[PDB]
Amino acid sequence: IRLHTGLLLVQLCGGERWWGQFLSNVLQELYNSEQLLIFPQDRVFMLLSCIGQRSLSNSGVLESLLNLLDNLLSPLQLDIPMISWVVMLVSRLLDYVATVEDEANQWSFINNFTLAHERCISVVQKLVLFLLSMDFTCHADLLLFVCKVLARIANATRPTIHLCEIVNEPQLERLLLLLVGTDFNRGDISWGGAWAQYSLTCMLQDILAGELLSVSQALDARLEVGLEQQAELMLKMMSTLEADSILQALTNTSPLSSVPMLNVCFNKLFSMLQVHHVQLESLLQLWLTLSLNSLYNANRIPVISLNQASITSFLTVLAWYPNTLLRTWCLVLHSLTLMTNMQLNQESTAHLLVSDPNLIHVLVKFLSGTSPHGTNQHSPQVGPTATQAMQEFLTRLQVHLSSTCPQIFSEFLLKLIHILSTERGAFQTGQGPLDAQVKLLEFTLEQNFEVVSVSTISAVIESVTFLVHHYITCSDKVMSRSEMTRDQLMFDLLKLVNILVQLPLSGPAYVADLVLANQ
Amino acid sequence: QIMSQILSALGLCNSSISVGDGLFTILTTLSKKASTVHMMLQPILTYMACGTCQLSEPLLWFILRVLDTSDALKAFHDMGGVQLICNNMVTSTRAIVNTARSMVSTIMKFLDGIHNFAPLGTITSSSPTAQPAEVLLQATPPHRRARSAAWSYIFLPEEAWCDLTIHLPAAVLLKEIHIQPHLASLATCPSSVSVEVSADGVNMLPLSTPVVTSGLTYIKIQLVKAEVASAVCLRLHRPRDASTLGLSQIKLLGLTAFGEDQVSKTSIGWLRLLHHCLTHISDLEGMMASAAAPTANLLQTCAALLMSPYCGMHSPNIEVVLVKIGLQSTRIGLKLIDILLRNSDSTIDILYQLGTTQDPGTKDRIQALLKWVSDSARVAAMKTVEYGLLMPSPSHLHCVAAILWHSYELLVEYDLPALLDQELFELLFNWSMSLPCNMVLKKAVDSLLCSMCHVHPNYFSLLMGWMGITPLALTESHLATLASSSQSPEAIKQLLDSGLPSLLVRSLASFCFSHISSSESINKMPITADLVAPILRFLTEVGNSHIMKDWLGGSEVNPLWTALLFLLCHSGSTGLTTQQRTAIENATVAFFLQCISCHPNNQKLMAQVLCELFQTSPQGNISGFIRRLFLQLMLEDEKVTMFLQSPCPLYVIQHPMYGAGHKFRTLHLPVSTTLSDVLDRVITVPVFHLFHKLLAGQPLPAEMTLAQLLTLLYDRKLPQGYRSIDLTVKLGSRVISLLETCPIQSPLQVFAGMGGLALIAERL
């Protein structure tokens, strides 16, 4: 009878102008923490959800409820249950609104119009104030849920709200430090768990994106004797048409960019990860996700523009810190592809980042594949996806600075070759990603080496010749038979040195004389 | 440097032959061979300050171990460790937000234990395969013979891996991945598999180096950190010796969002440390607790985490340390009383100890308590900080009543009667009269009335002087207050001395006689049919005293019994309404249950009365009352009230003599059960032993039943009808006459002795 009176009233008084205020009133006085009356809050509340679903056609309901919210968290210029039910209820309302819009996916982990701008701003900033003051008395599920409804309302308001009018520098700073620093994000009890961090990232990406747009026909046969059969059949047909009417009635319904301050905040964060107060991996992954949403592609320009101090801090902390997993190596490589796609605001950024030797050291660490924690050092390959990303990375570097100076980069790459083949190097001992090595060397083959210094080419050729000679002479005593292997790598290196010796010598003399002189 | 390394290792190791075990043992030996505590605590405190500090359970265990000696605690206090740990409390409590499943998760649970998720997803590959791999995704395809394969892939010579991308409809908290190769012919098993995940379903990224899998019948990839993944790409590398794949079944084990170590790393590790500090030695805890007292927000955070559900395993330590700090200083004690009343069972027990422990501040504490209760009751009677005054918990009021009663019983140092003025009595009377009888707060305030009048018989005498007691019309609230307040011995004595029960018995009997006369014909004051059941109920509560039961079995009360029986059997349907008939019949049920309870003289007297009324039964249909009385009165097993006391914990509004807390227990149970049952519901090994205050050093047997015990008390000078039997529980030592006494005769056998069964069978 509750559902039935609800459906009658929604089909009669649903369109009432006081309907939203009436709903706000009854919701306020039924569920109060001071309300001692015992009633099935769950069933009547879901019924309330259903009648609000029918009443969505009326516009005043949403305004009245957010007005109740505005008057509700006024003591935060706290009764957690009031907020919990009402936010889940409005979440259901927004979910049905979203499905209606879709039929005419970021939120899929839960389901198994125009609004006044100022009051929307007021209620959202009050919600943010509620977010920043969360102790043990509140829990994570309500937090993630209020964040999700926040994202939904933010997308709902026309025009979409921007972060400049939402937070200032201290609030954003507090948000980033709670989100990323390793003083609050240590171990498995990282804030609200993984579901919570994922939702926080989800809301952040959506807000930035918004900123940047019958019955059987049977009857008793024995009654045919009397003349009153017509009475029963007319009663039956009235009754069944009425039943149809009732099902029809039930089924039918009732007819100013924040980017500069954001960059400042990230620069502050990079300056604070030096004191080992922030985990690097979470920062980089979140940054690349926030920059990437504008599928991965090397041609995607990141929205977030970084700083020189940022890259210098990043490289020095990675160079100092050893034993970074393959997961974070691929993430780092992806982030470096993205910064290579970036320009800086006039010497190029790629030349500056390549110039210092900490890049040399990190690339050496990556390609050496030591893995000191590897109980399963069977195949040190990093996998084709990472190698292909590395190929795109080197291609981006080459295509961006080939116009200005490929020669200095050629000298750097030869320095990498020399260090990877020097005494106690990775290549001789055979560790490190074989696929990455063959891909880098084959990509190296296609480069032009016109004005490379004689000293470094001589050093690399002597080193590789000594290494390969000691390898061939001291070759293995057995060979097993049952595809790429290191034999192709030696073949490719000798092909490269063949390319090298075919070059005329810069002041038509050739380098063949130089390699001849060193006996 | 080395110390920093090893302490960091302890802060990053797991709980329970292990590397952590090895480091723990070597550090233990380091402590064993160390000379003085100063150079061992120095690296420790540099590590906490430099770290915030990373603390694991082995580290907690070591801190407990290194603080075994008294000198260890003394040195800890000397070099200012307690201030730093209190600072750690402030930072940790302020830092981490609760992650426990709250009400929200409960309400979200019904809106729609490792769960498979394989059928729900959709599979694809970067190369067109002749058959789709959805057969692997089935929950359980037939695996009994495995003829060729459930699914297969053919490798081109130029290619060495195949990527199988599973798109799940939604991201799930993946727990473990299991891959089943073709068991019959695993020569086609892939050499290595490289798993890639995507939380967002687009950013696909590798997890680790491809794990070798050739020659494996069961592919298990344990995930140490459970991952929220919406898309997985499985790059299966080419087998060592085959160009084909044989796969049997893929299963996706995980959890949805709502489908010990998680608490230890939080503040409770230092809380247990604090518990060791304040409780391992009770003599050095004082001045260091004083030093640990003025730290900011200690009480607020401590109370907040006590209110948290995480205290369920270790709450005892919390209230013990709270009690100790409260007793240590008066001002902080009053402040924490205020924050626990203005800003649960544990609170009740806190108040119990606060009232009960004897110290110079006890008078100030009870003064503050009386001020609090007066303010709260005044606020309730007239209609932020006042919120605690709006609804004072009735359990707390009963606790105050128990404290007052027991303070009266125990030989207290102060003069407790001095703090109870007549103004408090008048105020309590107005409070009691201000609310109706349906809720229990009135019951609580009249329990307070009973305890104080037990303290002050003259105050009870004054109470008689208000309602015309030295015609008479008393509202139900008056009856409730008198019944509740008369349970104490002095009050029941003055009630007996007053002529009020005699006059109301005579007036009620006259009304019953008049009603019988009216039915059969179809200073005196009358009683209407509405109030007869409540006044009979009033008789039931006041009949709890044994002397009251003895007085009830006299000739002064038998006319009421005869008149009521005649009225409710012979007077068939001044007209009895059916609802009032049911009310008064239940009142008679309770009254007759109370009369025959543990009173042999009353038992035999009522046996005589029942034989008398059955002999004079009309000659032949059984009335409803006689039928139901036969079904009820002498078919129920005799029930007696047991009261238990014990210094140890043992696991409602009652009379204040029963005390409060879980340390004092009170139940009403049939005598057929034995002591083994009541102990069950609650090599040298401590064993619970029952003792009695009358019994001088003999434990009680577990299989020793309660009817025999009641006879033993009656044989050892106990007044007839004493309803509650007190039993204290002790801890004896066990290395790994009483039963032969006659049981109670019971009213049923007493009645059946002189052949009432023949009479009722004739009347049947």
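Cβ coordinates were reconstructed from backbone atoms using ideal geometry, including for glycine residues, and neighbour counts include every protein chain displayed. Read-outs: derived from the displayed coordinates by stated rules, not from any lab.
All conditions in (1) part of a helix (DSSP H, G or I); (2) buried (at least 17 other Cβ atoms within 10 Å of the Cβ); (3) out of contact with any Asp or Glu (no Cβ under 6 Å at 6 or more places or on another chain) hold for residue A:459, with the sole exception of (2). Here the condition is being surrounded by fewer than 16 Cβ atoms within 10 Å (Cβ to Cβ), within 12 Å of chain A (Cβ to nearest Cβ) and under 30 Å from residue B:309 (Cβ atoms); of B:241, B:261, it holds for B:261 alone.
Answer yes or no: is there a residue in the range B:571-589 that is of a type outside the set (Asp, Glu), within 25 Å of residue B:706 (Cα to Cα) and surrounded by 16 or more Cβ atoms within 10 Å (Cβ to Cβ).
Yes, because at least one residue in the range B:571-589 is of a type outside the set (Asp, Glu), within 25 Å of residue B:706 (Cα to Cα) and surrounded by 16 or more Cβ atoms within 10 Å (Cβ to Cβ).
Of all residues in the range A:285-297, those satisfying the criterion of being over 12 Å from residue A:176 (Cα atoms) and within 12 Å of chain B (Cβ to nearest Cβ) are A:285, A:288, A:289, A:290, A:291, A:292, A:293, A:295, A:296, A:297. Within the range A:182-221, restricting attention to residues that are of a type in the set (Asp, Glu) and either in a helix (DSSP H, G or I) or closer than 23 Å to residue A:276 by Cα (or both), the residue that is farthest from the other protein chains (Cβ to nearest Cβ) is A:211.
Against the list (1) in contact with an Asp or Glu (Cβ under 8 Å, 6 or more places away or on another chain); (2) aliphatic (A, V, I, L, M); (3) not in a helix (DSSP H, G or I), the condition residue B:379 fails is (3). Scanning the range B:622-664 for residues that are more than 24 Å from residue B:744 (Cβ to Cβ) and among the β-branched types (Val, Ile, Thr) yields a count of 4.
In the set A:269, A:331, which member is out of contact with any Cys (no Cβ under 6 Å at 6 or more places or on another chain), more than 14 Å from chain B (Cβ to nearest Cβ) and among the hydrophobic types (A, V, I, L, M, F, W, C)?
On the way: A:331 fails: more than 14 Å from chain B (Cβ to nearest Cβ).
That would be A:269, the only listed residue that is out of contact with any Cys (no Cβ under 6 Å at 6 or more places or on another chain), more than 14 Å from chain B (Cβ to nearest Cβ) and among the hydrophobic types (A, V, I, L, M, F, W, C).
Selection of the range B:95-115 for residues being facing chain A (nearest Cβ under 7 Å) and either out of contact with any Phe, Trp or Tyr (no Cβ under 8 Å at 6 or more places or on another chain) or in a loop (DSSP other than H, G, I, E, B) (or both) yields B:96, B:97, B:99, B:100, B:102, B:103, B:112. Quick check, is residue A:163 within 22 Å of the chain's Cα centre (by Cα), on the phi < 0 side of the Ramachandran plot and more than 13 Å from chain B (Cβ to nearest Cβ)? Yes: the conditions hold for residue A:163. Can you find a residue that is within 14 Å of another protein chain (Cβ to nearest Cβ), of a type outside the set (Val, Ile, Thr) and either touching a helix residue (DSSP H, G or I) at 6+ places or on another chain (Cβ under 9 Å) or surrounded by fewer than 19 Cβ atoms within 10 Å (Cβ to Cβ) (or both) anywhere in the range A:340-363? No, the range A:340-363 has no match at all. Looking at residue B:232, is it at the interface with chain A (Cβ under 10 Å from one of its Cβ atoms) and either among the aliphatic types (A, V, I, L, M) or assigned to a strand (DSSP E or B) (or both)? When the stated conditions are applied, residue B:232 does not pass them. Scanning the range B:44-94 for residues that are in contact with a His (Cβ under 7 Å, 6 or more places away or on another chain) and part of a helix (DSSP H, G or I), we see that the one that is surrounded by the fewest Cβ atoms within 10 Å (Cβ to Cβ) is B:64. Out of all the residues in the range A:480-493, is one or more among the aromatic types (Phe, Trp, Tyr) and either at positive phi or in a helix (DSSP H, G or I) (or both)? The answer is yes, given that some residue of the range A:480-493 is among the aromatic types (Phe, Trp, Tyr) and either at positive phi or in a helix (DSSP H, G or I) (or both).
Just one of the listed residues (B:712, B:759) is part of a helix (DSSP H, G or I), surrounded by 14 or more Cβ atoms within 10 Å (Cβ to Cβ) and in contact with a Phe, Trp or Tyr (Cβ under 7 Å, 6 or more places away or on another chain), and it is B:759.
Regarding the range B:153-170, can at least one residue be identified that is more than 14 Å from chain A (Cβ to nearest Cβ), more than 30 Å from residue A:198 (Cα to Cα) and either in contact with a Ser or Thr (Cβ under 7 Å, 6 or more places away or on another chain) or not acidic (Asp, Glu) (or both)? Among the residues of the range B:153-170, at least one is more than 14 Å from chain A (Cβ to nearest Cβ), more than 30 Å from residue A:198 (Cα to Cα) and either in contact with a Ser or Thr (Cβ under 7 Å, 6 or more places away or on another chain) or not acidic (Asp, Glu) (or both), which makes the answer yes. Restricting attention to the range A:100-146, the residues being in a helix (DSSP H, G or I), aliphatic (A, V, I, L, M) and within 11 Å of chain B (Cβ to nearest Cβ) number 6.
From the list A:33, A:91, which one is in contact with a helix residue (DSSP H, G or I) (Cβ under 8 Å, 6 or more places away or on another chain) and surrounded by fewer than 15 Cβ atoms within 10 Å (Cβ to Cβ)?
Numbers: A:91 fails: surrounded by fewer than 15 Cβ atoms within 10 Å (Cβ to Cβ).
Of the residues listed, the single one that is in contact with a helix residue (DSSP H, G or I) (Cβ under 8 Å, 6 or more places away or on another chain) and surrounded by fewer than 15 Cβ atoms within 10 Å (Cβ to Cβ) is A:33.
Counting the residues of the range B:200-232 that are β-branched (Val, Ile, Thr) and touching a helix residue (DSSP H, G or I) at 6+ places or on another chain (Cβ under 8 Å) gives 3. The residue that is surrounded by the fewest Cβ atoms within 10 Å (Cβ to Cβ), counting only those in the range B:715-748 that are in a loop (DSSP other than H, G, I, E, B) and hydrophobic (A, V, I, L, M, F, W, C), is B:736.
Determine whether the range A:367-374 contains at least one residue that is in a helix (DSSP H, G or I) and among the small types (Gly, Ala, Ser).
The answer is yes, given that some residue of the range A:367-374 is in a helix (DSSP H, G or I) and among the small types (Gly, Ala, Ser).
Residue by residue, here is whether (1) surrounded by 15 or more Cβ atoms within 10 Å (Cβ to Cβ); (2) within 14 Å of chain B (Cβ to nearest Cβ); (3) touching a helix residue (DSSP H, G or I) at 6+ places or on another chain (Cβ under 6 Å) holds:
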position	(1), (2), (3)
A:383	yes, yes, no
A:403	no, no, no
A:417	yes, no, yes
A:446	no, no, no
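Within the range A:299-327, the set of residues being among the aliphatic types (A, V, I, L, M) and within 14 Å of another protein chain (Cβ to nearest Cβ) comprises A:325, A:326.
Please enumerate the residues belonging to the range B:547-562 that are assigned to a helix (DSSP H, G or I) and more than 46 Å from the chain's Cα centre (by Cα).
So the first thing to find is which residues in the range B:547-562 are assigned to a helix (DSSP H, G or I), and the list is B:547-552, B:558-562.
Correct list: B:559 only.
For every residue, the table says whether it meets (1) farther than 20 Å from residue A:126 by Cβ; (2) out of contact with any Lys or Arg (no Cβ under 8 Å at 6 or more places or on another chain).
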| site | (1), (2) |
| --- | --- |
| A:19 | yes, yes |
| A:30 | yes, yes |
| A:39 | yes, yes |
| A:48 | yes, yes |
| A:51 | yes, yes |
| A:58 | yes, yes |
| A:71 | no, yes |
| A:76 | no, no |
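In the range B:180-215, of all residues being more than 13 Å from residue B:235 (Cα to Cα) and either β-branched (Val, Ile, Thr) or part of a helix (DSSP H, G or I) (or both), the one that is farthest from the other protein chains (Cβ to nearest Cβ) corresponds to B:186.
Please work out if residue B:91 is polar (S, T, N, Q) and within 14 Å of chain A (Cβ to nearest Cβ). Here the answer is yes, as residue B:91 does meet what is asked.
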